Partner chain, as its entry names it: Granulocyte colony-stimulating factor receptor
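Here you get one chain, nothing else, as structure tokens; it is the form solved without its partner chain.
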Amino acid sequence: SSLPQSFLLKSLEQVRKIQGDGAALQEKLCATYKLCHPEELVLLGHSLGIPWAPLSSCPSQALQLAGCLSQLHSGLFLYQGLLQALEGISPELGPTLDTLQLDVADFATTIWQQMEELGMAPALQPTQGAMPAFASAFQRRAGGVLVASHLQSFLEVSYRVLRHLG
């Protein structure tokens, strides 16, 4: 209710596309490798050490709409980095990961353009970051399960946030 329809309608459709891409990934990981349960990969997740992206309530404000979207953008950035570090997982899964990355990037672009319009502090000079390490094919594959399930949760919440700011 606070953002232009061009942004609202596009941004929701972009989320749904990424959710569908992500579901495809999840389904292929389960069917190919029998990795079907993120909750069975707790000890692996502990070893990987990944800081999953937070979201948190924001008012439909003049002076913090941009800050609400900035959290979404910062989470998308974290997820894009995780998707990148997977390096396609396997030749079977590569094209599905490529599609998911492209769709994530398209969404992030839309978010960033809206943050500019709303009035955001400029980004600081960038720096290289660190990545998760997958010590094996199995860790890449199980890491893919974890990344995807947390990305799904971040998307479900993002969709709600966008409807709430709409």
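Numbering follows the first chain given and starts at 1.
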{"item": "Mean C-alpha B-factor comparison - 59-67 and 123-131, higher one", "value": "59-67"}
{"item": "132-140 versus 30-38 - which carries the larger mean C-alpha B factor in the record", "value": "132-140"}
{"item": "Most elevated Cα B-factor in the entry, residues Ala105, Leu118, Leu97, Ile111", "value": "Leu118"}
{"item": "For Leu165, the third of its chain into which the C-alpha B factor falls", "value": "highest"}
{"item": "Among modelled residues of the same chain, the CA temperature factor third for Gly75", "value": "middle"}
{"item": "Within-chain third of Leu83 by Cα B-factor, per the entry", "value": "lowest"}
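Form solved in complex with its partner chain: not shown, discussed below.
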property: Contact label in the deposited complex: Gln61 to its partner chain, heavy atom within 4.5 Å; result: no
property: Residue contact check: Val42 to its partner chain in the deposited complex, 4.5 Å heavy atom; result: yes
property: Contact flag, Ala53 vs its partner chain in the deposited complex, heavy atom cut 4.5 Å; result: no
property: Heavy atom of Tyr33 within 4.5 Å of its partner chain in the deposited complex; result: yes
property: Stretch 96-118: residues contacting its partner chain in the deposited complex, 4.5 Å heavy atom cut-off; result: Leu102, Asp103, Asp106, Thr109, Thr110, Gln113
